[PDB]
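In what follows, a structure is listed as C-alpha cells, so that the remarks can point back to it.
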Amino acid sequence: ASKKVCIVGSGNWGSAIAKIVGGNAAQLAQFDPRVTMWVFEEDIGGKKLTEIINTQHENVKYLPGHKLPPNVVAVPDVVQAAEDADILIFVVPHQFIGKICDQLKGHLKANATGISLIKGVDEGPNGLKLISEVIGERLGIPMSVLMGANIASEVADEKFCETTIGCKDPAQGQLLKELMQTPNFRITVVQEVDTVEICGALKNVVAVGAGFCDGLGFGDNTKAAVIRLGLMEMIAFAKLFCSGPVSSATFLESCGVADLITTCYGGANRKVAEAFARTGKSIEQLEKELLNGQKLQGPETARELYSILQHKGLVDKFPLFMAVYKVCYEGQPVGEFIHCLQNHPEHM
Amino acid sequence: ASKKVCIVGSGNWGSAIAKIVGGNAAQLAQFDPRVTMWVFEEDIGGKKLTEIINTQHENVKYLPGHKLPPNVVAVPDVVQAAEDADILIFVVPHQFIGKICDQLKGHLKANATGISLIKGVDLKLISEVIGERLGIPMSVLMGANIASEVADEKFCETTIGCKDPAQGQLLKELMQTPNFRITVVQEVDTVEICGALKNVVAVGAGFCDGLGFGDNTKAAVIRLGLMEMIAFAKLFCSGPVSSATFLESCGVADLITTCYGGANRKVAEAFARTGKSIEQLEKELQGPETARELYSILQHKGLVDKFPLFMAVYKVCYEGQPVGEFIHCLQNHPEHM
Ligand SMILES: NC(=O)c1ccc[n+]([C@@H]2O[C@H](COP(=O)([O-])OP(=O)(O)OC[C@H]3O[C@@H](n4cnc5c(N)ncnc54)[C@H](O)[C@@H]3O)[C@@H](O)[C@H]2O)c1
Ligand SMILES: [K+]
C-alpha cells in the first residue's frame with residue numbers, strides 16, 4: 001500500500017538524505033515510516049557501525065553530531081535492505097555502485113524504481129556512460145536522478161538550497177518530490193534525466209577552466225565569460241551526445257547553472273586548477289598534496305570528451321573543453337587558455 | 001557609401017569604445033574611417049580637452065595613458081558630431097541622455113541608426129527613450145564587461161540586441177575584437193531589461209552573503225532571481241522574450257559577476273551583517289530603486305505573489321521587513337510549485 005523506501009548508501013550524503021527522507025516518510029501518509037538504509041559494516045573501535053546507528057541514531061563516522069530519525073534502520077546486507085523497497089535511493093560513492101548493483105541484480109521487488117544521487121559519469125561504449133544507466137541496465141529498473149547545487153553538511157544543517165529531479169514519469173517524479181522536499185531543500189522536477197545527469201560531469205571541466213582564470217589573475221568579467229562559454233559547451237555537447245530530450249532550459253535548473261556557479265567559485269577542481277596555473281605543479285603533484293591522492297574528475301572527464309569529439313570530428317567546436325584537456329595532458333601552456341576562447345563557435 | 005560613425009559620449013566607457021571602434025572603422029572598408037566623438041568641452045589646465053584629444057590622441061581626463069586611434073576626432077558640439085553619422089553609439093551616463101537627445105532631435109541623417117550602451121533603466125528602457133525622441137531604429141550592447149577592462153583589452157564578451165540582421169552584423173563588425181567578443185541576438189528588449197533586473201538579484205545575493213549563508217544558498221538565490229528575471233521579461237517587454245536570450249552575456253554572465261562583485265552586493269552584505277543603514281554604507285544603488293518600480297507594475301498586473309525574491313528586496317529596503325526574512329521568502333517559490 002504505502003511505498004517502501006530503501007536508501008542504498010549511508011555516507012555523508014546518504015546520512016544527510018536519510019535525515020530528510022526518514023523525516024518525510026514518517027510524516028507523510030503515502031510512505032512507509034520504516035526506511036531501511038544499507039550500511040557497509042565497519043569496526044567502530046570494536047562495536048559494529050550498524051549497531052551504533054540503530055542504538056545511538058547517529059552515523060558517528062560519516063555524519064557525526066546529527067540525529068538520524070529513529071524510523072531509519074541500518075541494515076548491513078544490501079539485499080535485505082532493498083528486498084522489499086518500492087523506491088531505491090542510490091547514494092554511494094561512484095566506486096562502489098558496481099559492486100552494490102552486482103549484489104542487488106535479480107533481488108528487487110517487482111516494479112521497483114530507483115533514483116541516483118551519484119554525481120559524475122562512468123565509462124561505456126559511447127565513451128561516457130551515465131551512472132543512472134549503469135544502474136538501471138544492470139538491475140532492470142527505471143531510474144530518476146537528483147542533482148543540484150547542494151552539499152551534505154548544509155542539507156543536514158537545514159541550510160536553504162535547491163535541487164533538480166530528473167524523472168521521465170510525471171507520477172513518479174511527483175512521488176520523489178514529496179519524499180525529498182523540505183522547506184529548505186526545494187525541488188524542481190524536470191523530465192530530462194540524461195540532461196540533468198550529464199551536467200554533474202561536465203561542470204567540473206568548466207571549473208578547471210574557471211580555476212585557470214583565478215590562477216592567472218583574470219577578473220570576474222573574464223571568469224564570467226569562461227563560465228558562460230563553458231555552459232554553452234555543456235549545452236551543445238549534451239545536445240549532440242545525450243539520448244533523451246535535451247532542452248537549454250534544463251541548464252537553467254539547479255543541476256545546471258547553479259551547480260556550475262558554485263563549482264566554479266568553490267570546490268576541488270577549481271582549487272587544484274588555480275594552483276596548477278599559479279605554481280606550475282602538475283595535476284598529479286597537487287592531487288597528492290591536496291586530495292590525499294584522490295583523482296580529480298574534471299581533467300579525467302575532459303580526456304573522455306576529447307576521445308568522443310575526435311571520433312566525431314568536433315574537437316574544434318569545443319575549444320574550452322579541449323583547452324582544459326590540452327593544458328592538463330598535452331603540455332599546452334596554461335597561460336594560453338584564454339587565447340583558445342578568442343574564436344569561439346558562440347561568436348561566429 | 002561607407003558608413004559614418006559618431007560616438008555620443010566620451011567618458012571612461014566612451015573612450016574605451018572609441019579605441020575599439022576607431023580601429024575597426026579604419027580597417028573595414030564598409031565604414032568611413034573618420035569617427036567623430038562628441039566630447040563635452042572641458043578646460044584641462046588651460047587647454048581644451050577636445051584639442052588635447054585631437055593632438056595627443058588621449059582622453060587625459062577620462063582614459064589617461066591610453067591612445068585613441070588618430071582617426072577618432074573629438075568634436076565639442078554634439079549636433080556637429082552627429083549630423084552626418086549613419087550610426088550613433090550612445091555612451092553617456094543615464095542622467096544626461098535625455099538632454100543630449102533634446103539637442104539632437106531633428107538634426108540627424110534620415111537613414112540613421114543608434115546603438116545604446118547605457119546600462120540600466122529609466123520603468124522604461126533607455127533605448128526606448130532615445131529611439132522615440134530621435135526617431136531612429138535602436139540597438140543595445142550589454143554584457144559582463146567594464147570600461148577599464150575593455151580599454152586594457154582584457155578578454156570579455158558582450159551581447160548586441162538588434163532586430164535587423166544586416167544592421168546587427170555591421171554593429172558586430174564595428175565593435176568586435178579578439179578580446180571583446182560579440183553575440184548578436186534579435187531580442188532588443190530582453191537584452192536591455194537584464195541590465196536593470198540583475199541589480200535586484202545582486203542585492204538579494206548580498207543579503208545572502210551578509211546572513212552567513214554559503215555558496216550553495218547564494219547559487220539558489222542567483223538562480224531564482226534569474227527565473228524571476230525571465231518571468232518578468234515575458235510579462236513586461238512588449239517585444240518578444242525567450243529564456244534562451246538569458247544564457248547570453250547580458251543575462252547569466254552579467255548576473256554572475258554582479259552577484260559576486262559589485263556595488264549592490266557589497267552594500268547589501270554590509271547592511272545585513274551590521275544593520276548599518278544603507279546611506280551610511282552608500283557614502284562610506286539602483287537595485288533597490290528598480291525593486292520599487294517592479295512592485296508598482298506587479299500590483300497593476302496582479303502578480304506580486306509570483307515574484308517573492310524581487311518583492312523581498314523591495315520590502316526589505318523600503319518597508320522595514322527584517323533582512324533576516326529574505327531566505328524565508330524563497331521557501332515557497334513559484335518555481336518549486
Ligand atoms: N557529500 C556531498 O556533499 C554530496 C553532495 C551531492 C552529491 N553527492 C554524491 O553522493 C555520492 C556519495 O558521496 P558520500 O558523501 O556519501 O561519500 P562517503 O565517503 O561519505 O560515503 C561512504 C560510504 O561508501 C560506501 N563504502 C565505503 N567503503 C566501501 C567498501 N569497501 N565497499 C562498499 N561500499 C563502501 C559506504 O556506503 C559508506 O557509507 C557521490 O556520488 C557524490 O557525488 C555528495
Ligand atoms: K575604412
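Chain labels run A, B, ... following the order of the C-alpha cells; each chain numbers its residues from 1, and ligands are numbered from 1 in the order shown.
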Exercise for review: Please write out the residues within 10 Å of ligand 1 as an MDAnalysis selection string, counting only C-alpha atoms and all ligand atoms.
Suggested key: chainID A and resid 7:17 37:42 49 59 61:63 76 78 90:100 116:121 131 146:156 163 200:201 259
Please identify all polymer residues within 10 Å of range 4-6 of chain A, counting only C-alpha atoms, omitting same-chain residues fewer than 5 positions from it, and present them as a tab-separated table (two decimals) with N, CA and C atoms, in the first residue's frame.
chain	number	residue	atom	x	y	z
A	18	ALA	N	19.14	10.55	4.51
A	18	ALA	CA	18.33	9.80	5.48
A	18	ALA	C	17.55	10.74	6.39
A	21	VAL	N	14.63	12.02	4.32
A	21	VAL	CA	13.69	11.02	3.84
A	21	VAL	C	13.08	10.29	5.02
A	22	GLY	N	13.89	9.97	6.03
A	22	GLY	CA	13.33	9.45	7.26
A	22	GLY	C	12.30	10.39	7.85
A	25	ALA	N	9.15	10.36	5.35
A	25	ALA	CA	8.44	9.09	5.31
A	25	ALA	C	7.63	8.91	6.58
A	30	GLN	N	1.74	8.64	2.57
A	30	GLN	CA	1.84	7.74	1.42
A	30	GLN	C	3.11	6.92	1.43
A	31	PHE	N	3.95	7.09	2.45
A	31	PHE	CA	5.24	6.44	2.56
A	31	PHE	C	5.29	5.63	3.85
A	32	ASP	N	5.80	4.41	3.74
A	32	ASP	CA	6.02	3.59	4.90
A	32	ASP	C	7.05	4.25	5.81
A	33	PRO	N	6.73	4.46	7.09
A	33	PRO	CA	7.71	5.04	8.02
A	33	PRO	C	8.98	4.27	8.12
A	34	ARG	N	8.94	2.97	7.89
A	34	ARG	CA	10.15	2.18	8.03
A	34	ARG	C	11.00	2.38	6.78
A	35	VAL	N	12.11	3.10	6.95
A	35	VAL	CA	13.07	3.38	5.89
A	35	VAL	C	14.32	2.60	6.22
A	36	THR	N	14.66	1.65	5.36
A	36	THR	CA	15.91	0.94	5.50
A	36	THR	C	17.02	1.76	4.86
A	37	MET	N	18.21	1.64	5.45
A	37	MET	CA	19.43	2.27	4.95
A	37	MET	C	20.49	1.20	4.98
A	38	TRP	N	21.07	0.90	3.82
A	38	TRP	CA	22.14	-0.08	3.75
A	38	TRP	C	23.45	0.55	4.21
A	72	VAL	N	14.65	5.19	10.75
A	72	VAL	CA	15.61	4.80	9.73
A	72	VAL	C	16.48	3.70	10.33
A	73	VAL	N	16.50	2.54	9.68
A	73	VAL	CA	17.10	1.32	10.23
A	73	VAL	C	18.31	0.97	9.40
A	75	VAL	N	20.98	-1.50	8.00
A	75	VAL	CA	20.93	-2.91	7.61
A	75	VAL	C	22.24	-3.23	6.90
A	78	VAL	N	22.86	-5.45	1.78
A	78	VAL	CA	22.12	-4.56	0.90
A	78	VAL	C	20.88	-5.24	0.34
A	80	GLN	N	19.00	-7.52	1.87
A	80	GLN	CA	17.98	-7.43	2.91
A	80	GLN	C	17.46	-6.01	3.02
A	81	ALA	N	18.34	-5.02	2.84
A	81	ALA	CA	17.89	-3.63	2.94
A	81	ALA	C	16.86	-3.31	1.86
A	82	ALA	N	17.08	-3.77	0.63
A	82	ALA	CA	16.32	-3.34	-0.54
A	82	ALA	C	15.25	-4.32	-0.97
A	83	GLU	N	15.24	-5.52	-0.39
A	83	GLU	CA	14.41	-6.60	-0.91
A	83	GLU	C	12.94	-6.20	-1.04
A	84	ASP	N	12.44	-5.41	-0.09
A	84	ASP	CA	11.04	-5.02	-0.03
A	84	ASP	C	10.75	-3.61	-0.51
A	85	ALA	N	11.76	-2.86	-0.96
A	85	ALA	CA	11.57	-1.45	-1.28
A	85	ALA	C	10.86	-1.27	-2.61
A	86	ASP	N	9.94	-0.31	-2.67
A	86	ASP	CA	9.42	0.15	-3.95
A	86	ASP	C	10.28	1.24	-4.57
A	87	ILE	N	10.97	2.01	-3.72
A	87	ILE	CA	11.82	3.11	-4.15
A	87	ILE	C	13.21	2.89	-3.59
A	88	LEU	N	14.20	2.87	-4.47
A	88	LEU	CA	15.60	2.71	-4.10
A	88	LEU	C	16.33	4.03	-4.35
A	89	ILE	N	17.01	4.52	-3.34
A	89	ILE	CA	17.75	5.77	-3.43
A	89	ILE	C	19.22	5.40	-3.39
A	90	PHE	N	19.88	5.55	-4.54
A	90	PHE	CA	21.28	5.17	-4.69
A	90	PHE	C	22.17	6.37	-4.36
A	112	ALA	N	9.99	-2.29	-8.80
A	112	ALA	CA	10.78	-1.35	-8.01
A	112	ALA	C	11.37	-0.28	-8.92
A	113	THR	N	11.60	0.91	-8.36
A	113	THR	CA	12.17	2.04	-9.10
A	113	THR	C	13.30	2.66	-8.31
A	114	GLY	N	14.15	3.40	-9.01
A	114	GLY	CA	15.36	3.91	-8.44
A	114	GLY	C	15.58	5.37	-8.78
A	179	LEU	N	8.84	12.89	-1.33
A	179	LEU	CA	9.74	12.18	-0.43
A	179	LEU	C	10.90	13.05	0.02
Give me the residues of chain B that have any atom at most 7 Å from an atom of ligand 2; for each, the nearest atom pair and the distance in Å, rounded to one decimal. Use only C-alpha atoms and all ligand atoms, sort by chain and number, and format it as CSV.
residue,atom,partner,partner_atom_place_in_ligand_line,distance
B:25,CA,ligand 2,1 (K),5.0
B:26,CA,ligand 2,1 (K),4.0
B:27,CA,ligand 2,1 (K),5.0
B:28,CA,ligand 2,1 (K),4.5
B:29,CA,ligand 2,1 (K),4.1
B:30,CA,ligand 2,1 (K),6.0
B:31,CA,ligand 2,1 (K),4.6
B:32,CA,ligand 2,1 (K),4.9
B:33,CA,ligand 2,1 (K),4.6
Output N, CA, C and O atoms for every residue in that selection, as a compact mmCIF listing (two decimals), in the first residue's frame.
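Okay, this is what ended up in again.txt:
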# COMPACT_ATOMS: atom_id res chain seq x y z
N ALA B 25 36.73 50.83 -37.65
CA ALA B 25 36.25 51.75 -38.69
C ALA B 25 37.34 52.04 -39.72
O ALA B 25 37.06 52.11 -40.92
N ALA B 26 38.58 52.21 -39.27
CA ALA B 26 39.71 52.41 -40.19
C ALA B 26 40.01 51.16 -41.02
O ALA B 26 40.32 51.26 -42.22
N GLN B 27 39.89 49.97 -40.43
CA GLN B 27 40.31 48.75 -41.12
C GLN B 27 39.29 48.24 -42.12
O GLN B 27 39.65 47.72 -43.17
N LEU B 28 38.01 48.38 -41.82
CA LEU B 28 36.97 47.73 -42.61
C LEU B 28 36.46 48.71 -43.65
O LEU B 28 36.03 49.81 -43.31
N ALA B 29 36.48 48.28 -44.91
CA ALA B 29 36.07 49.16 -45.99
C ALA B 29 34.65 49.68 -45.80
O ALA B 29 34.34 50.79 -46.24
N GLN B 30 33.77 48.92 -45.12
CA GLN B 30 32.37 49.31 -45.07
C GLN B 30 32.13 50.51 -44.16
O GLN B 30 31.02 51.06 -44.14
N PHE B 31 33.13 50.94 -43.42
CA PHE B 31 32.99 52.07 -42.52
C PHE B 31 33.89 53.21 -42.97
O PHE B 31 35.01 52.97 -43.47
N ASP B 32 33.37 54.43 -42.84
CA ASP B 32 34.18 55.64 -43.01
C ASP B 32 35.21 55.71 -41.89
O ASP B 32 34.86 55.52 -40.72
N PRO B 33 36.49 55.94 -42.20
CA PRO B 33 37.50 55.95 -41.13
C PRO B 33 37.35 57.12 -40.20
O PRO B 33 37.84 57.06 -39.06
Exercise for review: Find, counting only C-alpha atoms, the residue in B:87, B:222, B:21, B:37 that gets nearest to chain A.
Suggested key: B:222
Exercise for review: For range 228-230 of chain A, list every protein, DNA or RNA residue within 10 Å, evaluated using only C-alpha atoms, and leave out those in the same chain fewer than 3 positions away; present the list as number ranges by chain.
Suggested key: A: 202-207, 209-210, 222-225, 233-236, 257, 260-261, 318-321, 341, 344-347; B: 157, 247-249, 251-254, 256
Go ahead and save the picked residues with N, CA and C atoms, as a compact mmCIF listing (two decimals), in the first residue's frame.
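selection.txt written:
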# COMPACT_ATOMS: atom_id res chain seq x y z
N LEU A 202 30.07 17.41 -16.60
CA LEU A 202 30.67 18.45 -17.43
C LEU A 202 31.07 19.68 -16.62
N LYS A 203 30.33 19.98 -15.55
CA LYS A 203 30.56 21.20 -14.80
C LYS A 203 31.99 21.25 -14.27
N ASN A 204 32.56 20.08 -13.99
CA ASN A 204 33.90 20.05 -13.42
C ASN A 204 34.97 20.37 -14.44
N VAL A 205 34.71 20.11 -15.72
CA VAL A 205 35.61 20.59 -16.78
C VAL A 205 35.60 22.10 -16.83
N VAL A 206 34.42 22.69 -16.74
CA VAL A 206 34.33 24.15 -16.77
C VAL A 206 35.00 24.73 -15.55
N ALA A 207 34.89 24.04 -14.41
CA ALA A 207 35.51 24.53 -13.17
C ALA A 207 37.03 24.55 -13.26
N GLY A 209 38.64 25.22 -16.01
CA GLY A 209 38.89 26.46 -16.72
C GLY A 209 38.70 27.68 -15.84
N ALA A 210 37.69 27.66 -14.99
CA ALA A 210 37.46 28.79 -14.09
C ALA A 210 38.64 28.96 -13.13
N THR A 222 36.15 38.34 -17.05
CA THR A 222 36.78 37.29 -17.81
C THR A 222 36.29 35.93 -17.31
N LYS A 223 36.31 35.75 -16.00
CA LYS A 223 35.85 34.50 -15.43
C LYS A 223 34.39 34.21 -15.80
N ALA A 224 33.54 35.22 -15.76
CA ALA A 224 32.14 35.01 -16.12
C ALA A 224 31.99 34.56 -17.57
N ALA A 225 32.81 35.10 -18.48
CA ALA A 225 32.83 34.60 -19.85
C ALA A 225 33.26 33.14 -19.93
N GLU A 233 29.06 25.22 -23.97
CA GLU A 233 29.64 23.97 -24.45
C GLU A 233 28.97 22.78 -23.78
N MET A 234 28.57 22.93 -22.52
CA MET A 234 27.79 21.89 -21.89
C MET A 234 26.51 21.64 -22.67
N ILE A 235 25.81 22.71 -23.04
CA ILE A 235 24.54 22.55 -23.75
C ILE A 235 24.77 21.87 -25.09
N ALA A 236 25.73 22.39 -25.86
CA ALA A 236 25.98 21.86 -27.18
C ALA A 236 26.46 20.41 -27.12
N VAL A 257 23.02 25.69 -14.19
CA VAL A 257 23.70 26.93 -13.92
C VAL A 257 24.11 27.06 -12.45
N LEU A 260 26.93 24.74 -11.58
CA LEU A 260 28.08 25.26 -12.30
C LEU A 260 28.72 26.40 -11.54
N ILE A 261 27.91 27.37 -11.13
CA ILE A 261 28.42 28.55 -10.45
C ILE A 261 29.14 28.17 -9.16
N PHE A 318 34.54 22.70 -29.52
CA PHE A 318 34.51 22.77 -28.05
C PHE A 318 35.85 23.27 -27.53
N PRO A 319 36.21 24.51 -27.88
CA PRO A 319 37.54 25.00 -27.53
C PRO A 319 37.80 25.06 -26.03
N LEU A 320 36.80 25.37 -25.19
CA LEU A 320 37.05 25.40 -23.74
C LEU A 320 37.30 23.99 -23.18
N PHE A 321 36.43 23.03 -23.49
CA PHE A 321 36.68 21.65 -23.08
C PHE A 321 38.03 21.16 -23.57
N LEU A 341 39.74 30.88 -26.34
CA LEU A 341 38.36 31.33 -26.36
C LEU A 341 38.11 32.53 -27.29
N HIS A 344 35.57 31.55 -30.54
CA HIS A 344 34.66 30.53 -30.08
C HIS A 344 33.48 30.38 -31.04
N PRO A 345 32.98 29.15 -31.25
CA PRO A 345 31.77 28.99 -32.08
C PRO A 345 30.60 29.88 -31.69
N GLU A 346 30.44 30.19 -30.40
CA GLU A 346 29.33 31.03 -29.98
C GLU A 346 29.39 32.43 -30.58
N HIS A 347 30.58 32.88 -30.99
CA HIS A 347 30.71 34.23 -31.52
C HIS A 347 30.91 34.25 -33.03
N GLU B 157 33.12 39.34 -23.04
CA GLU B 157 32.19 39.29 -24.15
C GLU B 157 31.06 40.26 -23.88
N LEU B 247 20.76 33.11 -21.49
CA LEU B 247 22.05 32.42 -21.50
C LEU B 247 23.18 33.27 -22.11
N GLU B 248 22.86 34.42 -22.68
CA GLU B 248 23.84 35.31 -23.25
C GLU B 248 24.56 36.10 -22.15
N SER B 249 25.64 36.78 -22.54
CA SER B 249 26.44 37.56 -21.58
C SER B 249 25.58 38.55 -20.80
N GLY B 251 22.72 38.21 -19.74
CA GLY B 251 21.88 37.53 -18.76
C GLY B 251 22.76 36.87 -17.70
N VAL B 252 23.03 35.58 -17.88
CA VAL B 252 23.68 34.80 -16.83
C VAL B 252 25.07 35.35 -16.48
N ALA B 253 25.86 35.79 -17.47
CA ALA B 253 27.23 36.19 -17.13
C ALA B 253 27.24 37.48 -16.34
N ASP B 254 26.46 38.47 -16.78
CA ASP B 254 26.44 39.74 -16.08
C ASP B 254 25.83 39.57 -14.71
N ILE B 256 26.07 36.78 -12.88
CA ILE B 256 27.07 36.16 -12.02
C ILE B 256 28.07 37.19 -11.51
Closest contacts (chain B/chain A, max 7 Å, only C-alpha atoms) as JSON lines:
{"residue": "B:144", "atom": "CA", "partner": "A:221", "partner_atom": "CA", "distance": 5.4}
{"residue": "B:145", "atom": "CA", "partner": "A:221", "partner_atom": "CA", "distance": 5.7}
{"residue": "B:155", "atom": "CA", "partner": "A:222", "partner_atom": "CA", "distance": 5.6}
{"residue": "B:156", "atom": "CA", "partner": "A:222", "partner_atom": "CA", "distance": 5.1}
{"residue": "B:157", "atom": "CA", "partner": "A:225", "partner_atom": "CA", "distance": 6.4}
{"residue": "B:178", "atom": "CA", "partner": "A:342", "partner_atom": "CA", "distance": 5.3}
{"residue": "B:179", "atom": "CA", "partner": "A:342", "partner_atom": "CA", "distance": 6.6}
{"residue": "B:181", "atom": "CA", "partner": "A:347", "partner_atom": "CA", "distance": 6.4}
{"residue": "B:182", "atom": "CA", "partner": "A:347", "partner_atom": "CA", "distance": 5.9}
{"residue": "B:183", "atom": "CA", "partner": "A:347", "partner_atom": "CA", "distance": 5.4}
{"residue": "B:215", "atom": "CA", "partner": "A:262", "partner_atom": "CA", "distance": 5.8}
{"residue": "B:216", "atom": "CA", "partner": "A:149", "partner_atom": "CA", "distance": 5.3}
{"residue": "B:217", "atom": "CA", "partner": "A:161", "partner_atom": "CA", "distance": 5.0}
{"residue": "B:219", "atom": "CA", "partner": "A:258", "partner_atom": "CA", "distance": 5.1}
{"residue": "B:220", "atom": "CA", "partner": "A:161", "partner_atom": "CA", "distance": 5.9}
{"residue": "B:223", "atom": "CA", "partner": "A:258", "partner_atom": "CA", "distance": 6.1}
{"residue": "B:244", "atom": "CA", "partner": "A:248", "partner_atom": "CA", "distance": 6.9}
{"residue": "B:253", "atom": "CA", "partner": "A:224", "partner_atom": "CA", "distance": 5.1}
{"residue": "B:256", "atom": "CA", "partner": "A:224", "partner_atom": "CA", "distance": 6.6}
{"residue": "B:257", "atom": "CA", "partner": "A:220", "partner_atom": "CA", "distance": 5.8}
{"residue": "B:331", "atom": "CA", "partner": "A:183", "partner_atom": "CA", "distance": 5.4}
{"residue": "B:336", "atom": "CA", "partner": "A:188", "partner_atom": "CA", "distance": 5.4}
Using only C-alpha atoms, which residues sit within 9 Å of range 305-318 of chain B once same-chain residues fewer than 2 positions away are excluded, as a short mmCIF file (atom, residue, chain, number, x, y, z; two decimals) with N, CA and C atoms, in the first residue's frame?
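result12.cif written:
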data_model
loop_
_atom_site.label_atom_id
_atom_site.label_comp_id
_atom_site.auth_asym_id
_atom_site.auth_seq_id
_atom_site.Cartn_x
_atom_site.Cartn_y
_atom_site.Cartn_z
N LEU B 197 17.41 44.40 -14.14
CA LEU B 197 16.89 43.45 -13.16
C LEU B 197 18.01 42.76 -12.41
N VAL B 200 18.67 43.92 -8.85
CA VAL B 200 17.76 43.44 -7.79
C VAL B 200 18.25 42.11 -7.25
N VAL B 201 18.59 41.19 -8.14
CA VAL B 201 19.09 39.89 -7.70
C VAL B 201 20.38 40.06 -6.91
N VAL B 203 21.33 42.56 -4.98
CA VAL B 203 21.01 42.94 -3.61
C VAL B 203 20.59 41.71 -2.82
N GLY B 204 19.79 40.84 -3.43
CA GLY B 204 19.40 39.62 -2.76
C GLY B 204 20.59 38.73 -2.47
N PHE B 207 22.37 40.16 0.49
CA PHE B 207 21.69 39.74 1.71
C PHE B 207 22.13 38.35 2.13
N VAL B 221 19.78 31.60 -4.77
CA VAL B 221 19.25 32.95 -4.84
C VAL B 221 19.49 33.55 -6.22
N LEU B 224 17.12 31.59 -8.69
CA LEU B 224 15.73 32.03 -8.56
C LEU B 224 15.58 33.45 -9.07
N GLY B 225 16.54 34.32 -8.79
CA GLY B 225 16.50 35.65 -9.37
C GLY B 225 16.47 35.62 -10.89
N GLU B 228 13.06 34.77 -12.03
CA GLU B 228 12.16 35.90 -11.93
C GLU B 228 12.45 36.93 -13.00
N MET B 229 13.72 37.07 -13.38
CA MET B 229 14.06 37.93 -14.49
C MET B 229 13.36 37.49 -15.76
N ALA B 231 10.67 35.47 -16.09
CA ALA B 231 9.22 35.59 -15.96
C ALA B 231 8.80 37.03 -16.13
N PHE B 232 9.52 37.96 -15.50
CA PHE B 232 9.13 39.35 -15.57
C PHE B 232 9.28 39.89 -16.98
N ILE B 278 22.32 51.87 5.05
CA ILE B 278 22.13 51.86 3.61
C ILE B 278 22.89 53.08 3.11
N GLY B 287 19.68 48.95 -7.63
CA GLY B 287 18.94 47.72 -7.38
C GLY B 287 17.65 47.97 -6.63
N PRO B 288 17.76 48.55 -5.43
CA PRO B 288 16.54 48.87 -4.66
C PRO B 288 15.53 49.72 -5.41
N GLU B 289 15.98 50.81 -6.04
CA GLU B 289 15.07 51.67 -6.80
C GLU B 289 14.28 50.86 -7.82
N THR B 290 14.99 49.99 -8.56
CA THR B 290 14.33 49.14 -9.54
C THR B 290 13.32 48.21 -8.87
N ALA B 291 13.66 47.69 -7.70
CA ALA B 291 12.73 46.85 -6.97
C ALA B 291 11.41 47.58 -6.73
N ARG B 292 11.50 48.86 -6.36
CA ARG B 292 10.30 49.65 -6.10
C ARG B 292 9.42 49.70 -7.33
N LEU B 294 9.39 47.66 -9.75
CA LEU B 294 8.84 46.34 -10.02
C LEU B 294 7.57 46.14 -9.20
N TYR B 295 7.63 46.49 -7.93
CA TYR B 295 6.46 46.38 -7.07
C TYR B 295 5.27 47.08 -7.71
N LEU B 298 3.91 45.19 -10.79
CA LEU B 298 3.35 43.88 -10.44
C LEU B 298 1.98 44.04 -9.77
N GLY B 302 -1.41 42.34 -11.05
CA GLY B 302 -1.96 41.38 -10.11
C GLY B 302 -1.05 40.21 -9.81
N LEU B 303 0.27 40.41 -9.90
CA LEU B 303 1.22 39.30 -9.86
C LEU B 303 2.31 39.49 -8.82
N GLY B 320 10.67 48.07 5.82
CA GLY B 320 11.09 47.65 7.13
C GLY B 320 11.24 46.17 7.33
N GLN B 321 10.85 45.35 6.36
CA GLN B 321 10.94 43.90 6.54
C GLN B 321 12.33 43.54 7.04
N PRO B 322 12.45 42.72 8.08
CA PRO B 322 13.77 42.34 8.57
C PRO B 322 14.53 41.56 7.52
N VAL B 323 15.76 42.03 7.24
CA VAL B 323 16.61 41.35 6.27
C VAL B 323 16.61 39.85 6.52
N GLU B 325 14.41 37.84 7.15
CA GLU B 325 13.32 37.11 6.49
C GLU B 325 13.58 36.81 5.01
N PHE B 326 14.69 37.29 4.44
CA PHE B 326 14.85 37.19 2.99
C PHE B 326 14.83 35.73 2.53
N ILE B 327 15.54 34.84 3.22
CA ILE B 327 15.59 33.46 2.75
C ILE B 327 14.24 32.79 2.95
N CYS B 329 11.51 34.04 2.47
CA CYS B 329 10.65 34.41 1.37
C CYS B 329 10.83 33.53 0.13
N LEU B 330 11.91 32.75 0.06
CA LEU B 330 12.17 31.86 -1.06
C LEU B 330 11.72 30.41 -0.81
N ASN B 332 8.78 29.00 -0.49
CA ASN B 332 7.58 28.54 -1.20
C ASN B 332 7.50 29.24 -2.55
N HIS B 333 8.60 29.16 -3.31
CA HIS B 333 8.73 29.93 -4.53
C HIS B 333 7.94 29.29 -5.67
N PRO B 334 7.37 30.10 -6.58
CA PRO B 334 6.63 29.51 -7.71
C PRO B 334 7.42 28.48 -8.51
#
Exercise for review: Apply DSSP to the backbone of this structure and, from range 12-106 of chain A, keep only the residues in strand (DSSP E); write these as a list in words.
Suggested key: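 The residues of range 12-106 of chain A classed as strand (DSSP E) are residues 31, 32, 33, 34, 35, 36, 37, 38, 43, 44, 47, 48, 72, 73, 74, 75, 87, 88, 89 and 90 of chain A.
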Store the residues picked out above, limited to C-alpha atoms, as an mmCIF file, in the first residue's frame.
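This went into out-v1.cif:
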data_model
loop_
_atom_site.group_PDB
_atom_site.id
_atom_site.type_symbol
_atom_site.label_atom_id
_atom_site.label_comp_id
_atom_site.auth_asym_id
_atom_site.auth_seq_id
_atom_site.Cartn_x
_atom_site.Cartn_y
_atom_site.Cartn_z
ATOM 1 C CA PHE A 31 5.239 6.437 2.559
ATOM 2 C CA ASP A 32 6.020 3.590 4.904
ATOM 3 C CA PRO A 33 7.710 5.044 8.018
ATOM 4 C CA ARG A 34 10.146 2.179 8.028
ATOM 5 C CA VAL A 35 13.069 3.378 5.893
ATOM 6 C CA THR A 36 15.909 0.940 5.502
ATOM 7 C CA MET A 37 19.427 2.273 4.949
ATOM 8 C CA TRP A 38 22.141 -0.085 3.748
ATOM 9 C CA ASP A 43 34.621 -1.961 13.107
ATOM 10 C CA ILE A 44 33.840 1.235 15.012
ATOM 11 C CA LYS A 47 31.307 -2.121 18.008
ATOM 12 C CA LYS A 48 29.528 -2.711 14.705
ATOM 13 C CA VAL A 72 15.614 4.796 9.731
ATOM 14 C CA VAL A 73 17.098 1.323 10.227
ATOM 15 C CA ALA A 74 20.677 0.438 9.417
ATOM 16 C CA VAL A 75 20.934 -2.909 7.610
ATOM 17 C CA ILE A 87 11.816 3.113 -4.150
ATOM 18 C CA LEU A 88 15.600 2.710 -4.105
ATOM 19 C CA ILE A 89 17.752 5.765 -3.428
ATOM 20 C CA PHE A 90 21.284 5.174 -4.690
#
